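Here's the structure, in structure tokens; my notes come after.
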Amino acid sequence: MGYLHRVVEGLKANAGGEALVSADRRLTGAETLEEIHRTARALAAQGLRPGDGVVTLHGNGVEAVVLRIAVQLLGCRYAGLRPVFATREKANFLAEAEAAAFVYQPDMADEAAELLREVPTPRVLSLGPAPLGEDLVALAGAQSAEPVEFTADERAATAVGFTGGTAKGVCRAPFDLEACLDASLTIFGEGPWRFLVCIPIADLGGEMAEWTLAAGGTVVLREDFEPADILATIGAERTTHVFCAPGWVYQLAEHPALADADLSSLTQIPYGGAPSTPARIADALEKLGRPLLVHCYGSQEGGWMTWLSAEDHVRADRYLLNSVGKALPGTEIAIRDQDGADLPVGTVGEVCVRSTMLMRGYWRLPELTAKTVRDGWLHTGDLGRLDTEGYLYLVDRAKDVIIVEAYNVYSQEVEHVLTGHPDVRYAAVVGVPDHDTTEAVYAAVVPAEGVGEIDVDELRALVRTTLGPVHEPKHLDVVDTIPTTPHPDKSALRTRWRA
Ligand SMILES: Nc1ncnc2c1ncn2[C@@H]1O[C@H](CO)[C@@H](O)[C@H]1O
């Protein structure tokens, strides 16, 4: 239909229902559409035309979703900066963006000043009253809400998400965005949803909000994940979905307030983005008490690639918690060797994917794009193996593989064996220098609750008799905690091992 057409049709289908809900503001579908139309006119009145870059700096307010959609309705290129990014990383993105405008949240004017000092930008605009540039919400306030039709090229990029790559802005056009929408309906089920987005509107949260609106639903916004707030919100706002990082799942399931929370409105807790720990997902199932969990494997480059359904989490005759599920309709998966050759089902190699959800490409990085997408196939930089039912099992990121005297030890697979043991809650496996074998296998393991001394020889034996001898951790370190990224922090583990 056209992506922005899909979004607007959803909002019209929900004209009298709630569409954008935060702690501070609640808009109906019709109200949301009006704000979009008038914000779009305000932006066009500032001189913005199709293909103009619009860089933003905001949190997850209603104003932010409105802005994101309005920018794209014009056919401009939305480039959202995450607040969490370092100021210097922000400047770099801003410099690279060829920005025709910079739109910032008033709250954040200090940092906006730093950035614009580094990278002077025309059309500085604020989401409300603020020191720098003009007040976009004021300007939108005073335009007509007469509809603005999308007339730009469905194929030209309207959004740039920062944090692809295995820095990197990932360009997305309406075409690939609509395909992502269609896939989300397969994963999340038919709309309307009441979808708790606590992920940045700057990128993935913003996409999920778009899809929610497009399928006729309500976006329930939070700035970030805090388990007590989320448990309360699910009940108070009657959410059908909340998209989680795997660790968030475990925090919900283990929280003391879970008993008192009302989860009855949930249809799903879709999760992914980082490797799950199967045994911890198994505990979460039990604690939640019904098949809510849906495992989602995707990337900014690839869109949605596979999903494991809620019912496949509890399939009677299989155990699939170490799988990321099966291909989305329309998605082809090939598992390839180092030379690019397709491997028979069952073999480990690089996960490569072809679908209409593929990104347009990396913003201004043509060499890397041609390296990453070859003959229409995304090379994910993940390693894995399919089975005869079509389930995909990720065994490593290519960069994490540990080479022990010419043998390949897949760190995530070893981790799953360790965490599978009842004594082990969490594990991280990394390679360290070895005089004899070049690399040796190092594992850090966090004991489970009610576990005393880990039997390290038991753990080595389990790995040995599941994967084979070379997969065994030579070095096995009991730790209190596994360091994290802003994924588990494998470089940090590698470093702390020397000392
Ligand atoms: N559900 C998931 N399970 C494991 N790793 C994932 C999942 N979703 C995303 N990833 C990882 O993060 C990357 C996305 O930027 C993937 O290519 C993959 O390595």
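Chain labels follow the order of the structure tokens: the first chain is A, the next B, and so on; residue numbering restarts at 1 in every chain, and ligands are counted from 1 in their shown order.
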
Checklist line | Within-9 Å residues of ligand 1, basis only C-alpha atoms and all ligand atoms, as JSON, numbers by chain | finding: {"A": [163, 164, 165, 166, 245, 246, 271, 272, 273, 274, 275, 276, 295, 296, 297, 298, 299, 300, 301, 302, 304, 305, 306, 307, 322, 323, 324, 325, 351, 380, 381, 382, 383, 394, 396, 397, 487]}

Next item on the list: Can you list, as a ChimeraX atom specification, all residues belonging to range 68-181 of chain A that DSSP tags as alpha helix (DSSP H)?
Entry: /A:68-73,87-96,109-118,136-141,174-181

At a cut-off of 12 Å, using only C-alpha atoms, what residues contact residue 483 in chain A? Leave out same-chain residues fewer than 3 positions from it and give the result as a compact mmCIF listing (two decimals) with N, CA and C atoms, in the first residue's frame.
# COMPACT_ATOMS: atom_id res chain seq x y z
N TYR A 426 24.49 -18.20 34.77
CA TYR A 426 24.96 -17.46 33.61
C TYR A 426 26.39 -17.90 33.30
N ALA A 427 26.79 -17.81 32.03
CA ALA A 427 28.16 -18.10 31.64
C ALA A 427 28.58 -17.22 30.47
N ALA A 428 29.88 -16.92 30.40
CA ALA A 428 30.47 -16.28 29.24
C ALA A 428 31.75 -17.03 28.90
N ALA A 444 33.75 -17.85 32.30
CA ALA A 444 33.29 -17.31 33.56
C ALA A 444 31.86 -17.79 33.79
N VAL A 445 31.61 -18.35 34.98
CA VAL A 445 30.30 -18.84 35.35
C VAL A 445 29.84 -18.20 36.67
N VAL A 446 28.58 -17.75 36.65
CA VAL A 446 27.86 -17.24 37.80
C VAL A 446 27.04 -18.38 38.40
N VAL A 479 32.64 -16.46 39.11
CA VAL A 479 32.56 -15.02 39.28
C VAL A 479 31.20 -14.65 39.84
N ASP A 480 31.13 -13.43 40.39
CA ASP A 480 29.90 -12.88 40.93
C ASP A 480 29.03 -12.36 39.78
N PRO A 486 26.99 -1.50 26.53
CA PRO A 486 26.06 -0.41 26.83
C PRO A 486 24.58 -0.85 26.81
N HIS A 487 24.62 -7.14 25.06
CA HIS A 487 25.55 -8.28 24.84
C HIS A 487 26.52 -8.40 26.02
N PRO A 488 27.08 -9.59 26.29
CA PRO A 488 28.06 -9.78 27.35
C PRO A 488 29.40 -9.21 26.88
N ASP A 489 30.17 -8.59 27.79
CA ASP A 489 31.38 -7.83 27.43
C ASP A 489 32.59 -8.75 27.33
N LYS A 490 32.72 -9.40 26.18
CA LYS A 490 33.72 -10.44 26.02
C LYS A 490 35.13 -9.83 26.02
N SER A 491 35.31 -8.61 25.49
CA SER A 491 36.63 -8.01 25.44
C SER A 491 37.12 -7.73 26.85
N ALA A 492 36.20 -7.28 27.71
CA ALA A 492 36.49 -7.00 29.11
C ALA A 492 36.94 -8.27 29.82
N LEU A 493 36.28 -9.40 29.53
CA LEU A 493 36.66 -10.66 30.16
C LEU A 493 38.05 -11.10 29.74
N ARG A 494 38.33 -10.95 28.43
CA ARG A 494 39.62 -11.29 27.84
C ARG A 494 40.73 -10.48 28.52
N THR A 495 40.44 -9.19 28.79
CA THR A 495 41.40 -8.26 29.38
C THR A 495 41.68 -8.58 30.85
N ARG A 496 40.61 -8.78 31.64
CA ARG A 496 40.73 -9.02 33.07
C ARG A 496 41.44 -10.34 33.35

Next item on the list: Determine, counting only C-alpha atoms, which protein, DNA and RNA residues have an atom within 12 Å of an atom of residue 88 in chain A; residues of the same chain fewer than 2 positions away are not included. Present the result as an MDAnalysis selection string.
Entry: chainID A and resid 81 83:86 90:95 111:112 114:116 118:119

May I have the residues from that selection written out with N, CA and C atoms, as a CSV table (one decimal), in the first residue's frame?
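Dumped everything to result30.csv:
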chain,number,residue,atom,x,y,z
A,81,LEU,N,19.2,10.2,17.1
A,81,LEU,CA,20.3,9.9,18.0
A,81,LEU,C,19.7,9.4,19.3
A,83,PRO,N,19.7,9.1,23.2
A,83,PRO,CA,20.3,9.9,24.3
A,83,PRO,C,21.5,9.2,25.0
A,84,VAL,N,21.5,7.9,25.0
A,84,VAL,CA,22.5,7.1,25.7
A,84,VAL,C,23.8,7.2,25.0
A,85,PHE,N,23.9,7.5,23.7
A,85,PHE,CA,25.1,7.7,23.0
A,85,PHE,C,26.0,8.7,23.7
A,86,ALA,N,27.3,8.5,23.6
A,86,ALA,CA,28.2,9.5,24.1
A,86,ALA,C,28.2,10.8,23.2
A,90,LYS,N,27.6,11.1,19.2
A,90,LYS,CA,26.5,11.9,18.6
A,90,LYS,C,27.0,12.9,17.6
A,91,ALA,N,28.1,13.7,18.0
A,91,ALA,CA,28.7,14.7,17.1
A,91,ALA,C,29.1,14.0,15.7
A,92,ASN,N,29.7,12.9,15.9
A,92,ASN,CA,30.2,12.1,14.7
A,92,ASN,C,29.0,11.8,13.8
A,93,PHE,N,28.0,11.2,14.4
A,93,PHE,CA,26.8,10.9,13.6
A,93,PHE,C,26.2,12.2,12.9
A,94,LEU,N,26.1,13.2,13.7
A,94,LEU,CA,25.5,14.5,13.2
A,94,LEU,C,26.4,15.0,12.1
A,95,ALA,N,27.7,15.1,12.2
A,95,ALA,CA,28.6,15.5,11.1
A,95,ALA,C,28.4,14.7,9.9
A,111,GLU,N,23.3,19.8,25.8
A,111,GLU,CA,24.0,18.9,24.9
A,111,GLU,C,23.7,19.3,23.4
A,112,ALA,N,22.5,19.7,23.1
A,112,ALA,CA,22.2,20.2,21.8
A,112,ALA,C,23.2,21.3,21.4
A,114,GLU,N,26.4,22.0,22.7
A,114,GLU,CA,27.7,21.3,22.4
A,114,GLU,C,27.7,20.8,21.0
A,115,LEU,N,26.7,20.1,20.6
A,115,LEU,CA,26.7,19.4,19.3
A,115,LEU,C,26.7,20.4,18.1
A,116,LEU,N,25.8,21.4,18.2
A,116,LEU,CA,25.7,22.3,17.1
A,116,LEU,C,26.9,23.3,17.0
A,118,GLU,N,29.9,22.0,17.5
A,118,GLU,CA,30.8,21.1,16.8
A,118,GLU,C,30.3,21.1,15.3
A,119,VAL,N,29.0,21.0,15.1
A,119,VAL,CA,28.5,20.7,13.7
A,119,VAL,C,27.3,21.7,13.5

Residue 379 in chain A environment, 8 Å, only C-alpha atoms, sequence neighbours closer than 6 positions dropped, as an mmCIF file with N, CA and C atoms, in the first residue's frame:
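Result file follows (around-v3.cif):
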data_model
loop_
_atom_site.group_PDB
_atom_site.id
_atom_site.type_symbol
_atom_site.label_atom_id
_atom_site.label_comp_id
_atom_site.auth_asym_id
_atom_site.auth_seq_id
_atom_site.Cartn_x
_atom_site.Cartn_y
_atom_site.Cartn_z
ATOM 1 N N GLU A 350 28.035 -19.429 8.144
ATOM 2 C CA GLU A 350 27.534 -18.087 8.388
ATOM 3 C C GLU A 350 26.082 -18.040 7.931
ATOM 4 N N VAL A 351 25.230 -17.450 8.774
ATOM 5 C CA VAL A 351 23.834 -17.204 8.472
ATOM 6 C C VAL A 351 23.751 -16.058 7.461
ATOM 7 N N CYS A 352 23.237 -16.357 6.265
ATOM 8 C CA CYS A 352 23.006 -15.365 5.223
ATOM 9 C C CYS A 352 21.523 -15.332 4.835
ATOM 10 N N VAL A 353 20.944 -14.137 4.614
ATOM 11 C CA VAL A 353 19.497 -14.001 4.497
ATOM 12 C C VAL A 353 19.143 -13.118 3.300
ATOM 13 N N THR A 372 28.821 -6.397 2.907
ATOM 14 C CA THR A 372 27.915 -6.964 3.893
ATOM 15 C C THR A 372 26.763 -7.681 3.184
ATOM 16 N N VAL A 373 26.346 -7.084 2.060
ATOM 17 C CA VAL A 373 25.255 -7.560 1.230
ATOM 18 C C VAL A 373 25.876 -7.860 -0.118
#

Item checked: Among the residues A:104, A:391, A:78, A:407, the one that comes closest to residue 439 in chain A [using only C-alpha atoms] ->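 For residue 439 in chain A, the nearest of the given residues is A:407.
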
Would you mind listing what lies within 8 Å of residue 335 in chain A as a PDB file with N, CA, C and O atoms, in the first residue's frame, with only C-alpha atoms counted and same-chain residues fewer than 3 positions away left out?
ATOM      1  N   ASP A 342      27.171 -22.691  -0.203  1.00  0.00           N
ATOM      2  CA  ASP A 342      26.043 -23.139   0.600  1.00  0.00           C
ATOM      3  C   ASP A 342      26.351 -24.497   1.223  1.00  0.00           C
ATOM      4  O   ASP A 342      26.880 -25.379   0.563  1.00  0.00           O
ATOM      5  N   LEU A 343      26.004 -24.660   2.505  1.00  0.00           N
ATOM      6  CA  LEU A 343      26.291 -25.879   3.234  1.00  0.00           C
ATOM      7  C   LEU A 343      25.006 -26.689   3.419  1.00  0.00           C
ATOM      8  O   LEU A 343      23.914 -26.155   3.486  1.00  0.00           O
ATOM      9  N   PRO A 344      25.093 -28.035   3.487  1.00  0.00           N
ATOM     10  CA  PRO A 344      23.921 -28.862   3.747  1.00  0.00           C
ATOM     11  C   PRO A 344      23.366 -28.622   5.147  1.00  0.00           C
ATOM     12  O   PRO A 344      24.126 -28.344   6.082  1.00  0.00           O
ATOM     13  N   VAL A 345      22.046 -28.765   5.249  1.00  0.00           N
ATOM     14  CA  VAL A 345      21.319 -28.567   6.479  1.00  0.00           C
ATOM     15  C   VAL A 345      21.937 -29.468   7.542  1.00  0.00           C
ATOM     16  O   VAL A 345      22.025 -30.690   7.363  1.00  0.00           O
ATOM     17  N   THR A 347      24.959 -28.371   8.964  1.00  0.00           N
ATOM     18  CA  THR A 347      26.326 -27.887   9.058  1.00  0.00           C
ATOM     19  C   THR A 347      26.368 -26.493   9.695  1.00  0.00           C
ATOM     20  O   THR A 347      25.482 -25.679   9.445  1.00  0.00           O
ATOM     21  N   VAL A 348      27.456 -26.182  10.425  1.00  0.00           N
ATOM     22  CA  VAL A 348      27.675 -24.828  10.920  1.00  0.00           C
ATOM     23  C   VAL A 348      28.300 -23.973   9.813  1.00  0.00           C
ATOM     24  O   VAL A 348      29.253 -24.376   9.160  1.00  0.00           O
ATOM     25  N   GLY A 349      27.767 -22.768   9.623  1.00  0.00           N
ATOM     26  CA  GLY A 349      28.429 -21.747   8.825  1.00  0.00           C
ATOM     27  C   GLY A 349      27.789 -20.377   9.051  1.00  0.00           C
ATOM     28  O   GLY A 349      27.072 -20.168  10.032  1.00  0.00           O
ATOM     29  N   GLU A 350      28.035 -19.429   8.144  1.00  0.00           N
ATOM     30  CA  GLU A 350      27.534 -18.087   8.388  1.00  0.00           C
ATOM     31  C   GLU A 350      26.082 -18.040   7.931  1.00  0.00           C
ATOM     32  O   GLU A 350      25.764 -18.504   6.843  1.00  0.00           O
ATOM     33  N   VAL A 351      25.230 -17.450   8.774  1.00  0.00           N
ATOM     34  CA  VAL A 351      23.834 -17.204   8.472  1.00  0.00           C
ATOM     35  C   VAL A 351      23.751 -16.058   7.461  1.00  0.00           C
ATOM     36  O   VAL A 351      24.160 -14.934   7.754  1.00  0.00           O
ATOM     37  N   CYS A 352      23.237 -16.357   6.265  1.00  0.00           N
ATOM     38  CA  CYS A 352      23.006 -15.365   5.223  1.00  0.00           C
ATOM     39  C   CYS A 352      21.523 -15.332   4.835  1.00  0.00           C
ATOM     40  O   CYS A 352      20.906 -16.389   4.738  1.00  0.00           O
ATOM     41  N   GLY A 384      25.829 -20.402  12.620  1.00  0.00           N
ATOM     42  CA  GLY A 384      24.724 -21.233  13.079  1.00  0.00           C
ATOM     43  C   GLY A 384      24.521 -22.429  12.172  1.00  0.00           C
ATOM     44  O   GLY A 384      25.266 -22.597  11.211  1.00  0.00           O
ATOM     45  N   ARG A 385      23.489 -23.218  12.501  1.00  0.00           N
ATOM     46  CA  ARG A 385      23.156 -24.424  11.702  1.00  0.00           C
ATOM     47  C   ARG A 385      21.645 -24.674  11.747  1.00  0.00           C
ATOM     48  O   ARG A 385      21.060 -24.547  12.841  1.00  0.00           O
ATOM     49  N   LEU A 386      21.036 -24.984  10.604  1.00  0.00           N
ATOM     50  CA  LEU A 386      19.627 -25.312  10.501  1.00  0.00           C
ATOM     51  C   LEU A 386      19.441 -26.781  10.865  1.00  0.00           C
ATOM     52  O   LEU A 386      20.380 -27.576  10.753  1.00  0.00           O
TER      53      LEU A 386
END

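With only C-alpha atoms as the basis for measurement, A:101 is the residue among A:159, A:21, A:127, A:101 that approaches residue 55 in chain A most closely.
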
Item checked: From A:478, A:258, A:4, A:42, residue lying nearest residue 150 in chain A [only C-alpha atoms] -> A:4

Contacts of residue 267 in chain A at 8 Å or less, counting only C-alpha atoms, minus same-chain residues fewer than 2 places along, as a tab-separated table (two decimals) with N, CA and C atoms, in the first residue's frame?
chain	number	residue	atom	x	y	z
A	240	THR	N	-0.89	-5.72	25.59
A	240	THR	CA	-0.88	-7.05	25.01
A	240	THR	C	0.55	-7.55	24.74
A	241	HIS	N	1.50	-6.63	24.60
A	241	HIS	CA	2.86	-6.99	24.23
A	241	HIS	C	3.85	-6.10	24.96
A	265	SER	N	-3.62	-9.40	30.60
A	265	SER	CA	-3.85	-8.77	29.30
A	265	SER	C	-2.81	-9.17	28.24
A	269	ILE	N	5.20	-11.85	25.24
A	269	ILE	CA	6.40	-11.12	25.60
A	269	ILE	C	7.45	-11.47	24.56
A	292	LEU	N	4.03	-17.23	26.97
A	292	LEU	CA	4.00	-15.84	26.54
A	292	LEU	C	5.20	-15.52	25.64

Margin query: Calculated over only C-alpha atoms, which of the candidates A:475, A:313, A:421, A:58 has the smallest distance to residue 206 in chain A?
Written below: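 When distances to residue 206 in chain A are compared using only C-alpha atoms, the smallest one comes from A:58.
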
Checklist line | Counting only C-alpha atoms, the residue of A:417, A:65, A:230, A:398 that sits nearest residue 252 in chain A | finding: A:230

Next item on the list: May I ask which of the residues A:210, A:332, A:223, A:176 is the closest one to residue 9 in chain A, counting only C-alpha atoms?
Entry: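 Checking each of A:210, A:332, A:223, A:176 against residue 9 in chain A, counting only C-alpha atoms, the winner is A:210.
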